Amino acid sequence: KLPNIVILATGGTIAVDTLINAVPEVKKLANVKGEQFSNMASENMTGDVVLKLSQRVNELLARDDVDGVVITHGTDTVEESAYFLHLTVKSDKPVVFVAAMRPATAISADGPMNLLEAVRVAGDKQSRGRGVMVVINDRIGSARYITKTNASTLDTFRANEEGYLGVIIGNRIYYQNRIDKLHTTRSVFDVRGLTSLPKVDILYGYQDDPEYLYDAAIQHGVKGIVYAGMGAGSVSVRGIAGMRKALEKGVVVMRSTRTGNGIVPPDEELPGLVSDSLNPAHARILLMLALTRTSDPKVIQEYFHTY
């Protein structure tokens, strides 16, 4: 009859028991059991905690008595945590992240409805093999493309060029797309038996950008640097000098964009690698994981075109 869903809470203004007792209708959709993983605002989520989360989810999905998992998280960095598990979960079972833009105590709070939709999505057989998803505001987005585009609105999560995987209207799921990238069960990345991740920082691009910020990053032991550049990863003379110093020290430089959408195309005349359509936040996640398997720039560049 009903599928077994585990609700793993990590924090956020949305929620775990109380949360569940707030919308009992979920009991009509599946057999739920809640587990408190942590309780912190997403702005304080760290790589080591995300790493533990990924490991815990792989453990649960290995069980025969678990059909899917729903994860409550804060909205601010959910695109970072979601993409990490998108690349590290070794199962076709549904992993759904859910969040809320208004606190549970607010008038017309969105959390209750988002949670109900998240459970319905995770328990549906149609949801298997689609990669990690983020459910909110009646939409279903892919971890690889979804990002928070507005600071304070309910409809903040969008993928302008890629669209949504599907939508939920009238308690029915309408799947529209399947992403054409590698993920989950077909990913080469595995963090089981790992307890630490390579250090990667992000530097911004703008008029008068300082070369000294690069010096500080290098001296503090970074293994990689993601550049949120102007336009299509364009670099000033000061940025070029800073990138050269990094390259001599064995640090991997990845050029992305501050614009918010689009493709950063390769350019033999500029230093570093290019991020494809990955934004700064997503690019950092993939670079950290890539560095746990290799340091060859040719191999890393290919990961960015396929993941």
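Residue indices: 1-based, along the sequence shown.
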Residues with no coordinates between residue 283 and residue 284, taken from the deposited sequence as a class | none
Which is higher in the entry, the mean Cα B factor of 167 to 175 or that of 135 to 143?
-> 167 to 175
Per the entry, where is the mean C-alpha temperature factor higher: 48 to 56 or 252 to 260?
-> 48 to 56
Checking the entry, which one of 149, 160, 234, 126 has the top C-alpha B factor?
-> 126
Of the residues 122, 182, 222, 197, the one whose Cα carries the largest B-factor in the deposited record is 197
Would the CA B-factor of residue 38 place it in the lowest, middle or highest third of its chain?
-> highest
Using the B-factor values recorded in the entry, state whether the Cα atom of residue 192 falls in the lowest, middle or highest third among the modelled residues of its chain.
-> highest
Pull the Cα B-factor of residue 103 out of the PDB entry and bin it into the chain's lowest, middle or highest third.
-> highest
Third of the chain, ranked by Cα B-factor, where residue 211 sits | highest
Please rank the C-alpha B-factors of the chain's modelled residues and tell me whether residue 32 sits in the lowest, middle or highest third.
-> highest
